[PDB]
Amino acid sequence: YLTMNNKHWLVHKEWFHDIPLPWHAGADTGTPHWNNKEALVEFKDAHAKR
Amino acid sequence: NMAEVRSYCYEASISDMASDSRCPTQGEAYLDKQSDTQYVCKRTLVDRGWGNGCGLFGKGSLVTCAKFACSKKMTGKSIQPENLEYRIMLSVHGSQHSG
Amino acid sequence: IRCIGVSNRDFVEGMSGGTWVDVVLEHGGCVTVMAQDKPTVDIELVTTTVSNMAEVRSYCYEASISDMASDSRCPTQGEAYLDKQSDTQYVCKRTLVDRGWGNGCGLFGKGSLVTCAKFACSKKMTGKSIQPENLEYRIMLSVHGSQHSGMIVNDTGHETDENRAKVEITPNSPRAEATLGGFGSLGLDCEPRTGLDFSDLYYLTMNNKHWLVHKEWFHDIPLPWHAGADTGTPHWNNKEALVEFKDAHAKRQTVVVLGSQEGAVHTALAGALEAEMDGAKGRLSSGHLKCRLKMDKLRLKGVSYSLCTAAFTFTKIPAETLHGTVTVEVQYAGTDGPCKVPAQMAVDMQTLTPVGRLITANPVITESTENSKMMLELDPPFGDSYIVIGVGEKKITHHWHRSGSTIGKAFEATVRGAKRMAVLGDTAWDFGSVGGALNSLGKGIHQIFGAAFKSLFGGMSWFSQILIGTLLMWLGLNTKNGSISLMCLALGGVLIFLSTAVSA
Amino acid sequence: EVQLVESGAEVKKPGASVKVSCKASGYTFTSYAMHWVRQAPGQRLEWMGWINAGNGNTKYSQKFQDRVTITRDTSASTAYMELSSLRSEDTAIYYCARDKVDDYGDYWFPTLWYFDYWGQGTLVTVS
Amino acid sequence: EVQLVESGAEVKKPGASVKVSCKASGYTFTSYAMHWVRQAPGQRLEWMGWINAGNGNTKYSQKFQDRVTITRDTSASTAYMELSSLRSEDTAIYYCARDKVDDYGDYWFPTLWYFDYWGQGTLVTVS
Amino acid sequence: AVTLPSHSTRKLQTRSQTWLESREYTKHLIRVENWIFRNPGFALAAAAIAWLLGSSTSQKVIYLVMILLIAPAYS
Amino acid sequence: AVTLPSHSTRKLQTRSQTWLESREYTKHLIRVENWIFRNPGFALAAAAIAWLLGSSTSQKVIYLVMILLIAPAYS
Amino acid sequence: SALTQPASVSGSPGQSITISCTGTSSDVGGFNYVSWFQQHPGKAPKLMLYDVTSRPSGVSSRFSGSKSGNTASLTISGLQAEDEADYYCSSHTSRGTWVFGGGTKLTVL
Amino acid sequence: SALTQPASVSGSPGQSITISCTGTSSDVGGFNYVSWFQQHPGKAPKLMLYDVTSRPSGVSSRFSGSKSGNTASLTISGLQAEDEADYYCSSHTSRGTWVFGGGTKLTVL
Ligand SMILES: *[C@@H]1O[C@H](CO)[C@@H](O)[C@H](O)[C@H]1NC(C)=O
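Chains E, H, V, W, U, X, B, L and S, in that order, give the protein sequences.
Using this note's numbering, you'd call the opening residue of the first sequence number 1 and step up by one each time.
Using this note's numbering, you'd call the opening residue of the second sequence number 1001 and step up by one each time.
Using this note's numbering, you'd call the opening residue of the third sequence number 2001 and step up by one each time.
Using this note's numbering, you'd call the opening residue of the fourth sequence number 3001 and step up by one each time.
Using this note's numbering, you'd call the opening residue of the fifth sequence number 4001 and step up by one each time.
Using this note's numbering, you'd call the opening residue of the sixth sequence number 5001 and step up by one each time.
Using this note's numbering, you'd call the opening residue of the seventh sequence number 6001 and step up by one each time.
Using this note's numbering, you'd call the opening residue of the eighth sequence number 7001 and step up by one each time.
Using this note's numbering, you'd call the opening residue of the ninth sequence number 8001 and step up by one each time.
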């Protein structure tokens, strides 16, 4: 089952294990340690200004 | 009776920024956040001039490490054949209509 | 000065043909102009202005859905309807799915159900439009000569400082006469109109980060466009794209939002322009300009002065900077007044006589005291050399060794010459000056092949560009006449090249 | 030529919202600059700043990463530094000074000089 | 020269119907067109007009959309605005002004100037 | 971002309607169209290229189909 | 939804950094690869199909490139 | 929907004053339709501008119009003593109707 | 990140005084950023150094800066009569924040 917000739908273990987003593992106590993160938070610069 | 096999954060809240700014041939910039765990860092090379103020000129090796955060993760909750069920119904026309 | 170690800087050596030099100014770098005489002016182009603007459409990211009140009818008392469709703020899809005897026809089969949702947005693009008039490319002028790299301080925004000079050139007033006190008035005539092909670029807002995109791209977005004329009651065209009516197979119909599409729109923006806005403009980075730089009125300033006296104490170790010059900044001590600054690159000392062609002509210190503060630049030869000012007793000498060979500067320079041909190309032939039957016939052919090419292969991402590159390559290894194989392999090779040059 | 004034930061109570203003005068603010340096009586000048310009950006000293902010209003060339909760130790003078901004309007590397002029100073007391 | 003159009405009690005349003088009728701009003293001018005297067409402000109706008479070269079901508030003075029609005789987009002349006014008051 | 996977490379086959089955296909085609509506030139180049390989008449057309379909979708 | 246009079909060419030029050009490639790592079977079928058209050797390989690239992206 | 015009203004003779008429994109911004009507109170209004920058023939030449964005600026210089006419800004909206601004009572000293 | 310069050193008119600012490799040593702020008891600390030296436009030759690693030495000689003020040494750390030494209040004559 794949829950986003208050809706739910089945997905296999290929589309679901193929997602680029952060991993997170099993549970959310406190705030979790987010695997990956490269997909979100894309940062680059030109002109060599910070 | 479902488990949770992984999660994805479909939203993002960046924070806290800062930057490195060490000169060329000073080696590397540190900034300690690459030590701590959720602060994403990508090291880039700022060709650095006298405005900043350094001895040589060329790739300057800084990275801004901004602290990641999440909101509203999508859970991947998983199941197995157990803890499943059906609840089938039966008809048998006979003579009825509505019960 | 104002451009050192700035990378993409390109210095043009000598205008030629009667004090006329044309140059292309792109934000990613500088241009430092040096003539046979006259100060060495360092032009650097910063920012761009977006003026009045205007809104074109809008797009919704996020769909609230309320109500959904439904209407069903019998197998035959037509298809369904309900009051809420005339509202036009709702969305309804009549799908014929339901059954008999359950609801009530005494007529097994069909059914028509209208399901109407209330559609209100939250976050939305404006998608403003740019027209070439009224945008002026701010441009900064920085002449070398006497200067620390601050110390004078006062910049030349309003003036004082007398070394630099801001110019804002707009298509309603080009020819930005710039007055550099005591050097000369450097006039320059730029075309703001024709450089970037605006009017093909809509200025695009999201939440804060703003972008520039094609009308061709911006009209093709599958969102419930708006018309952007006014609000008061925003009327959303479409609404169909962002909500989806999922009817269950056994019975009934559901209204389901597609949720915030926000990020997906970020993905679709791959390769925009990164843009900055403020209330009346929206600072535009990137860009490029074309300008004929008129050197007519200039003076070397104090060509006529003494050689100073004893000093030569220099503050720093020149610093071998990128591409060319070793940029020197001395402090002749004890000088009386506005006296010249002797500098020469010596192949051997020995009998003086340097060949260096330094790029900072007639350097001049300021007033009396001792604080002095003059910064220079010298282009030495690639071999070993001695940096020397040769005045007073025993002066002060320095030993310096450049790296790389004339072959290296040869390949290096055409490397970038190619990138000038690659990005912004078809104006790249405007980097050189006083051309005819070399640079114009050149820019002409390149402009025709450029228009055809862009028209032929538009729609090309980097990966695509490489693929079709290799296909044209493989044909270039085959077929016949040594023409379509050579023309084909040629054009394939240039895509591959434009790809790699884009990436680098 | 260049004037920087503030309105005085008297004394509030421990748990008070103090807002200090810096009125830029004469010198064109446009792309101007600013800073805030609070020093207590004969204190270790502290730099609790905000590199503001036209754009309204800020970067705070690790010490005030989330305690105080200073919004820009170019209607009057005024910067407002607001430190939430004036506790007792703050009695120090908050000066506003400028390090005029880079050409591009974006501020990263400051000028060689920092502060060419300074506010009059504001004594704000927690008592 | 160009002359516009009007009929000086009276109150005609709340709920009555005013009829004001604009008889154009000193220029060519057949290119006159016509407007009606209400004003009493102390508030903003409203434009409740119509725009076409060649064909007799009309366009009214959405406020007055159906209240006024307008007759043109070329024999008298006169346009008659008539405001039915007037109320206490519409105590005002009604000027008639011109913005010359394009030659096609169809009036869609005005001259760049609008009103080069004005009726001399008719103050209308409601009891 | 650049969420690659399109669940339709798998989907699931069942009596009931899947998520966006209609929106899905029409969408795949309407993407290609206002791709090529904005680059007729590439129809020229693709034409000459395809007609230059295979000599066999029809595959020619197969090459045009392959090339017109890959340019907008992947790349 | 399913916003079709990918702005790279035009981009803009300027010395300055485009939006996602890096993660762009690759996320193309890395999309194709797993897509292929999850369906080796289609590498078999695509292989036999391509190798049955054109008879010309290297034309074959063009067909496999044609088909392997068309399947994951353009449905 | 009346255009925004400020209530009133004064000052020394010869001195330039600026009257600001702010509309929306529906009218003042996406059109060059503007005019400022000098209305001598109790007398009939007259039109002191037309086509913005332009002026009718019988206009005192020291009136000047201007526009950028949504604005209409009537800038007068060396105000001669009898220049108090209630200034109303008016423009042609996109919908095909004309709207007169709130008007600026002009105050001479 | 802190500035440790000395608290107050005394010297007679004309003999030279030397204030030492000792920083980190993260600020003083790894950059050219140094500035010395003369703070009179009465007026706000004002600029009087900036980048090792380079007098701003009030040279009053008698002030000179220097650096040797993580040092900042402002050497004043020729005591400027009533030049007594607190002197603060400043630096731009690389983390992007400014730090100011503990100050050296000076004693003159
Ligand atoms: C700075 O500009 C002012 C005028 O605003 C001038 O009086 C002063 O001499 C200038 N100083 C320098 C170093 O340019």
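Positions of the beta carbon are idealized from the N, C-alpha and C atoms, including for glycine.
- CB-CB length for V/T2076 against V/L2107, believed under 8 Å: 6 Å
- Message: With a threshold of 9 Å between beta-carbons, can H/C1023 be considered close to chain E, or not?
- Response: no
- Message: Could you give the first and the last residue of the continuous beta strand (DSSP E) run that contains U/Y4032?
- Response: Per DSSP, U/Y4032 belongs to no beta strand (DSSP E) and is neither H nor E.
- How would you label V/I2317, buried or exposed, when you count the other beta carbons within 10 angstroms and need 16 or more for buried? exposed
- Query: How do the segment 8018-8036 of chain S and the segment 8075-8094 of chain S stand: do at least 3 beta-carbon pairs fall below 8 Å, yes or no?
  - Reply: yes
- Would you give the residue range spanned by the beta strand (DSSP E) that L/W7098 belongs to? 7098-7100
- Taking Cβ to Cβ, would you say V/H2148 is nearer than 9 Å to V/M2375? yes
- Message: Please identify the residue among W/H3035, W/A3053, W/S3084, W/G3054 whose C-alpha is closest to the C-alpha of W/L3045.
- Response: W/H3035
- Ends of the beta strand (DSSP E) at V/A2413? Looking at the DSSP string, V/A2413 is not in any beta strand (DSSP E); the run it does join, the alpha helix (DSSP H), is 2406-2422.
- Message: Taking its Cβ as the centre, do 16 or more other Cβ atoms sit within 10 Å of E/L10, making it buried, or is it exposed?
- Response: exposed
- Which bits of chain H does E/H12 rub up against, with CB to CB less than 7 Å? Ordered by position in chain H, no residue passes the 7 Å Cβ test against E/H12, which lies about 11 Å from the chain.
- Task: Return the residue from the list W/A3024, W/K3019, W/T3074 that minimises the CA-CA distance to W/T3122.
- Result: W/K3019
- Determine the contact status of V/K2093 and V/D2067, defining contact as a CB-CB distance below 9 Å. no
- Is V/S2368 near ligand 1, with its Cβ less than 8 Å from a heavy atom? no
- Shortest alpha-carbon distance to V/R2402 belongs to which of V/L2378, V/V2391, V/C2074? V/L2378
- Does the beta carbon of U/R4044 sit closer than 9 Å to a beta carbon anywhere in chain L? yes
- Message: Within a Cβ cutoff of 7 Å, which residues of the same chain sit near L/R7062, ignoring the five residues on either side of it in sequence?
- Response: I7076, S7077, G7078
- Terminal residues of the continuous beta strand (DSSP E) containing V/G2184? 2184-2190
- Going by DSSP, which residues form a beta bridge with V/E2026? V/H2288
- Item | For L/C7021: DSSP bridge partner residues | L/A7072
- Message: Please tell me whether, using a cut-off of 8 Å, the distance from the CB of V/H2148 to the nearest non-hydrogen atom of ligand 1 is below it.
- Response: no
- Three-state class that DSSP yields for U/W4050 in the structure shown: coil
- Query: So, does the CB of H/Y1008 fall closer than 9 Å to a CB anywhere in chain V?
  - Reply: no
- Message: Run through chain B and tell me which residues come within less than 8 Å of X/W5019, C-beta to C-beta.
- Response: Chain B residues near X/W5019: none, gap ~11 Å exceeds 8 Å.
- Out of V/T2088, V/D2247, V/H2226, V/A2422, point me to the one whose CA is closest to X/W5019's CA. V/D2247
- Query: Considering only residues of the same chain and omitting the five flanking positions on each side of U/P4110, which have a CB-CB separation below 6 Å?
  - Reply: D4099
- Message: Checking the sheet assignment: what are the DSSP bridge partners for U/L4123?
- Response: U/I4093
- Beta carbon of V/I2001: closer than 8 Å to some heavy atom of ligand 1? no
- Query: Mind checking whether X/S5022 and B/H6028 have CB atoms under 9 Å apart?
  - Reply: no
- Message: For the segment 7044-7060 of chain L, list every residue whose C-beta sits within 9 Å of some C-beta in chain U, in sequence order.
- Response: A7044, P7045, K7046, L7047, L7049, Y7050, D7051, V7052, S7054, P7056
- Check the Cβ of S/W8098 against every Cβ in chain W and list those closer than 7 Å, keeping chain order. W3047, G3049
- Task: Determine the closest residue to L/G7096 out of U/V4124, U/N4052, U/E4089, with distance taken between C-alpha atoms.
- Result: U/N4052
- Query: Can we count W/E3001 as close to ligand 1, meaning its CB is less than 8 Å from some heavy atom?
  - Reply: yes
- Item | Same chain, Cβ closer than 6 Å to W/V3005, five either side skipped, listed in chain order | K3023, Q3120
- Query: Taking 9 Å as the CB-CB limit, is H/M1017 close to chain W?
  - Reply: yes
- Message: For S/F8037 and S/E8084, what's the separation of their Cα atoms in angstroms?
- Response: 12 Å
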